[PDB]
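This report concerns only the one structure given below.
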RNA sequence: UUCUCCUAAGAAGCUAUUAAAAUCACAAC
RNA sequence: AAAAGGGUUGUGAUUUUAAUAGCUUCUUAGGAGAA
Ligand SMILES: Nc1ccn([C@@H]2O[C@H](COP(=O)(O)OP(=O)(O)OP(=O)(O)O)[C@@H](O)[C@@H]2O)c(=O)n1
Ligand SMILES: Nc1ccn([C@@H]2O[C@H](COP(=O)(O)OP(=O)(O)OP(=O)(O)O)[C@@H](O)[C@@H]2O)c(=O)n1
Ligand SMILES: [Mg+2]
Ligand SMILES: [Mg+2]
Ligand SMILES: [Mg+2]
Ligand SMILES: [Zn+2]
Ligand SMILES: [Zn+2]
């Protein structure tokens, strides 16, 4: 059930970004919202995965906001 | 509601009345037994109702305190739960591009911008060490997010422009790592 | 409660009945004493029940009075807040130009919409893109509402200050649109 | 050659090179629209004429142009009669040139009447093409638009070129016609001025006038003493009226010399009353309209005259500057300090209205006066800054703060435990019939202003006066069975007092605070105050955080406390009676559980013959709604009050409703804007007014469908008589014919049965009559919505069903199925499974994610799940069992948690019944 | 006069149902 | 975090109260029986 997992992960990822005070930057928040809604509306999996890649790049760019090595372990 | 203090008297009075009616004893004795049964049963029901009230109050108290404590527990820890759930689902997805970017970020090779979706768009990446450069880069090409890119410019920590030829294992100590790389999508 | 005198009379009947039972008096004496004791019990129960009714009625009346007092306190607080807001707004507005325009009117009535146009000293403009900025607000002074305005510094969507030298066609992608420009009314 | 000789005589003394269209001397065949009232037919309909010969004129380059010669062949008495009338009328410049000549057709002598330089199409053709919009009529509308340089032929290759919503540019295309329409109006008045002076009695109809404004067809007229002639113009103006606003003719009035090339008029900025200009416009354009017109509706005698005068006012107001249409303010003194306060309103609809209870000097302010002065926007707008907002086309008044506010919408929370349980059970696999479709969509900071800018769709609209005045009586027939009236403050019921009180009252508390602070005497004093004075109020816009299938934002309007209190006190007695009734057309307040759905469906099916079901959707319903229909709904609701309220009190109540609900001041992001019109979300009457509007639209569709049919082809004599009487009742009668209103109401209820709830409707109709054209269908709804609402109803959204055993395709988002229960068959509703699964998976608060507390939350979701078990699709059936098993698991986990924490088990086990099916089955059995 | 039995009224206590208030949650236009 | 959170109807659960209903208790009168 890959596509439903991708959509649920998009919901969780945008919630994580929102809690991280991304809203303070209106431009970045608008881009994140567009990516989230586009993934939710998408119908075929590869487009959703590429948009997910961009949305996750948003979170990864924020150096020191999340301890990636601690979280993933 | 059982084994209450008045229960024994009620039970014994009913048994005595039943034995009396089974014997066919004197009517006045039967009526005396029945009235004693009735008064004992009245007391039994009264204390049973009191016990019911106590039980209801205890049940409500326990339920309310459970609700409040668990609501506080759920509300306090939201951020860590969200991050842990996100990364658990990300591992469960098992996608090559997501794993590639996540593992690169774990090694310190984070991007400086949103990774673009379209051809010839611009991406910027940080390179912590020559080993990660050896892994990620090959001549004029860069491999990132399962996609192929073309190197545009390499810079240093003091903003010095560095030529691609300079990056070598023997020459590496001269550079002030980390490096910044700019690339376009093929 | 045990202090009730009817309970005391019931207690005397109770002592009499207990002594009669302990002594082993005849059934007829026990019956008469029982009916006396039950009369006393009926009096005691009736008085206790009417006491319960009176106490709960008193509690309900007291709760009503407490609720009324809280309502009056809230009303006073709301009145104070409303008066303060109205008088602050009275002090804020510019009396001279508004008096001039109201004196100019035929009947003393004027449309509400024209009052900010004529009297207001400060203007705000919200601009979504660079073309609209170039059309509406190019320069440090611009004319709107048949009046001349001079500019005060600008803020972006993040409410951070933007210098007027930054706003240009080439630089436009970097800014966080929309832009909010503020201006004051020139004297002439 | 005979044909050449006939053409040469037709040319006459003119220098017009003629082109022999048709064939020789033969009569030409054309399909054209006519307005007609005979002793045997009465209609506005398309006909095949076959009555005249036609020739075309060619330019000096011998290319064809829009200028025709038409010659009619008819009886000799008509020949002399028309010659006499035309000889009378010759002086007028609005009359087309006529010639009369005799010619050898059969070898004998035949008379001919010729007219010159006519356009291809008449005014009736344009009116019919616009009013009855469909693709077949689109083929004529394209030719009309192309011929008069509105647009080039390639324009029609665009997608949705006709759509008011997807292609707003179409509104620019129609405007080019408008000036050509205006010249038609003036000519008509000129013609009347001649006809009265000549002493002629005749009726005017649209078909006689060409698109240049010239007239013909004198045959109907009769003579009278000079100076006492009369024109009859009701049908002409009444049919023309919607086109006047659609094409915007009076825009030419805006300019100084009324030349479209001259600059605009610059009015005095402080001017607010235009009574003389309204009277001048009415006298110029509508000179011979024989009914008294009041520029200010306060003078009007009754609700019908209010509708009439407001219908004229809405057309006339477009000319005047936008700044004047607002509340009027005045300076007063209190305890020696100066206040600015409101004293009156200028309505685009209802004119200039003044308050009656003003105080120029006062010593103190009571609580009621404090509420009144804090509520109205005069102080906030006067003290605030000046605003110029380029994000919206709407007019903007003021900014209340130095900073504008951008409001975002956050995403929803994920209920991972339920998702994992569902995936373990086997849902959400690729290729499954059930999948996630409803989500919590996020929004950026621009959401609120964009959803406000959606209001731009609302446009001014002038309705057909006579048709509307008949339709309003037909609707009042639908509503008449209820009771209503005013009640004292102590009687009113409020559902929830912890709701917002609007702006600025929300700064200090919820509605409970204001309901506690004011005694019944203060509330009754305020309500009595509104019956004599207009109170403007401010409305606030909020963004709603809720699950949806579509990603566009949704905003809702909160209304100030004063308007809510007075509107509740006014309307609640009628609204509660509407909710209490069962078996009516308006189905508000009827539950779907315990057999209600079957009863509703059986009620709608009643006594129709050859039945079909159909349903439709209004696009952009609340934004697009014309002001006139909202006024009509308010007046229909006010009609119940006649027993207890005098006319002045009811007019002032209507003015209050207009000032507060219809065109109030809207607060968004800290700034004040003016709402152009349409429905608001917090009216305290919104659903019932929407139902009234829905019924009015359906009745108008039925009226158009019956009138358009060719009366010669109807076989049933009863329906022909009904059509004749319908035309008579609409256009050729003045006072209301109650008997025919009852007769038409009975006809509608017999053949066309409705079920109504806000903008959702189902109708069961007679398919044979619908195919013959005697009752409405989807096409008529499309045309009526196109011309009245100014929206195009996408036919794909509508639906129709032929088999009554399957029920309606959609009502209140429910699907219908037929099932066995005992030895009886019943109808049951079931929802979209995606909605139930999404409501399980996504929640709007973090605490809801923990299941044990939410056990009671899941039980309700199981109830809607119960009908899905009856479905023949297994994937649908599995959902309800999934919910039951999740409830069981939640109870087990709760027991374990409490046993661990407190070390004592629970002693009450009612929850055992929840995971077993029978309880849910009880919900739908009609037994109790 | 006294005992037993029944009927009727009052005062308490327990229980079944119906109807009104408050709190939480769900669904629809 | 701040801020803000509309109108109308239906449904479920929990607590409180009122009114009918059934039963127990024991006081009072009348009728009947027995001595
Ligand atoms: N611009 C144009 C072009 C063509 N025509 C044609 O002229 C004829 C008009 O006939 P008429 O003698 O004026 O009227 P009538 O048929 O006696 O009247 P009725 O009983 O009201 O239908 C029709 O064939 C077309 O409508 C036109 O009028 N105007
Ligand atoms: N909280 C809510 C929610 C809804 N509504 C009502 O639902 C309706 C929503 O309109 P709709 O026909 O569903 O949608 P629309 O805007 O016409 O969209 P379109 O069909 O794409 O043109 C309105 O009558 C009210 O907005 C209300 O009252 N409160
Ligand atoms: Mg005619
Ligand atoms: Mg709709
Ligand atoms: Mg529908
Ligand atoms: Zn009038
Ligand atoms: Zn009234």
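Distance from the Cα centre of region D:859-909 to that of region D:262-320, in angstrom?
When both Cα centres are located, 66 Å separates them.
Evaluate 2.2 N^0.38 Å with N set to the residue count of chain D, then give the Cα radius of gyration divided by it.
Ratio of Rg to 2.2 N^0.38 Å for chain D: 1.10.
Obtain the nm distance between the two label points defined at residue D:544 and residue D:591 by a simple spin-label model: each point lies 7 Å from its Cα along the Cα-to-C-beta direction.
2.4 nm
Return one quarter of the surface area of the convex hull spanned by the alpha-carbon atoms of region D:744-889, equal to its mean projected area, in nm².
13.3 nm²
Please rank B:185, D:732, fewest neighbouring Cβ atoms within 10 Å first, as an exposure proxy.
Lowest count first: D:732, B:185.
Distance between the C-alpha centers of region D:214-257 and region D:677-741? Whole Å please.
Taking the Cα centre of region D:677-741 as reference, the centre of region D:214-257 is 25 Å away.
Any chance you could get the radius of gyration and Dmax over the Cα atoms of chain C, in Å?
In order Rg, Dmax, the Cα atoms of chain C give 42.9, 122 Å.
What is the antiparallel percent of DSSP beta bridges lying wholly in region D:2-240, to the nearest 5?
90 percent
Between residue C:46 and residue B:31, what FRET efficiency follows from the Cβ-Cβ distance if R0 is 25 Å, with the result rounded to 0.05?
0.35
Can you put D:561, D:493, D:588 in order, fewest other beta carbons within 10 Å first?
The order, fewest Cβ neighbours first, is D:493, D:588, D:561.
Say a paramagnetic label sat at a point 7 Å from the Cα of residue D:552, along Cα to Cβ; which residues of region D:158-186 have their backbone N under 16 Å from it?
Flagged as within label range: D:163-168.
Compute the acute angle (0 to 90°) between the alpha-carbon long axis of helix D:170-198 and the principal axis of greatest extent of the alpha-carbon atoms of chain D; round to the nearest 10°.
Between the helix axis and the principal axis of chain D, the angle is about 50 degrees.
Give me the orientation-averaged projected area of the Cα convex hull of region B:95-185, in nm², one decimal.
Quarter of the Cα hull surface area: 5.5 nm².
Using only Cα atoms, find the angle between the long axis of helix D:717-731 and the longest principal axis of chain D, and express it within 0 to 90 degrees, rounded to the nearest 10.
Taking the Cα atoms of chain D, the angle to D:717-731 is about 90 degrees.
Provide the FRET efficiency to the nearest 0.05 for the residue D:180-residue D:36 pair, computing r from the beta carbons and using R0 = 35 Å.
For residue D:180 and residue D:36, the calculated efficiency is 0.90.
Hey, for a label at residue D:580 modelled as a point 7 Å past Cα toward Cβ, could you say which residues of region D:463-505 have their backbone N under 18 Å away?
D:479-495
For residue D:487, project a label point 7 Å along Cα to C-beta. Then give me every residue of region D:547-590 with its amide nitrogen under 17 Å of that point.
The answer is D:564-581, D:589, whose backbone nitrogens lie closer than 17 Å to the label point.
With a ≥ b ≥ c taken as the square roots of the eigenvalues of the C-alpha gyration tensor of region D:531-603, please select rounded if a/c is under 1.5 and otherwise prolate if a/b is larger than b/c or oblate if it is not?
Note, shape of region D:531-603 comes out oblate.
Per Stokes-Einstein, at 4 °C and 1.567 mPa s, what whole-number D in µm² s⁻¹ belongs to the protein assembly as shown, with the Kirkwood radius over Cα pairs as the hydrodynamic radius?
The estimated diffusion coefficient comes to 33 µm²/s.
Given the rule -39500 (n - 2.57) for each run of at least 4 DSSP H residues, summed and divided by the residues of the protein assembly as shown, what is its mean residue ellipticity at 222 nm, to the nearest 500 deg cm²/dmol?
Result for the protein assembly as shown: -14500 deg cm²/dmol, rounded to the nearest 500.
Taking neighbour Cβ counts within 10 Å as the exposure measure, how do D:756, D:265 sort from fewest upward?
By the 10 Å Cβ count, ascending: D:265, D:756.
Could you compute the FRET efficiency for residue D:275 and residue D:3, with r as their C-beta to C-beta distance and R0 at 51 Å, rounded to 0.05?
0.25
Mind jotting down the three principal axis lengths of region C:5-89 based on Cα atoms? Whole angstrom, largest first.
Per principal axis, max minus min of the Cα coordinates gives 95, 15, 13 Å.
Over all pairs of distinct alpha carbons, what does the Kirkwood formula give as the hydrodynamic radius of chain A, in Å?
Roughly 12.7 Å, rounded to one decimal.
Taking square-rooted eigenvalues a ≥ b ≥ c of the alpha carbon gyration tensor, is region D:2-240 rounded, prolate or oblate, where a/c under 1.5 means rounded and, failing that, a/b exceeding b/c means prolate?
Oblate, because a/c is 1.5 or more while a/b does not exceed b/c.
Rg/Rh for region D:137-249: what does it come to with C-alpha atoms and Rh from Kirkwood?
1.10
Need the C-alpha centroid separation for region A:1-33 versus region D:463-507, integer Å.
Answer, in whole Å: 44.
How would you classify region D:737-794 from its alpha-carbon gyration tensor, with a ≥ b ≥ c the square roots of the eigenvalues: rounded for a/c under 1.5, else prolate if a/b is greater than b/c, otherwise oblate?
Prolate, since a/c reaches 1.5 and a/b exceeds b/c.
Going by alpha carbons, how many degrees (0 to 90, nearest 10) lie between the helix axis of D:520-530 and the longest principal axis of chain D?
Once rounded, the angle reads 20 degrees.
Backbone-built Cβ (ideal geometry, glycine too); neighbour counts: all protein chains shown. Read-outs throughout are calculated quantities, based only on the coordinates presented, and are distinct from any laboratory measurement.
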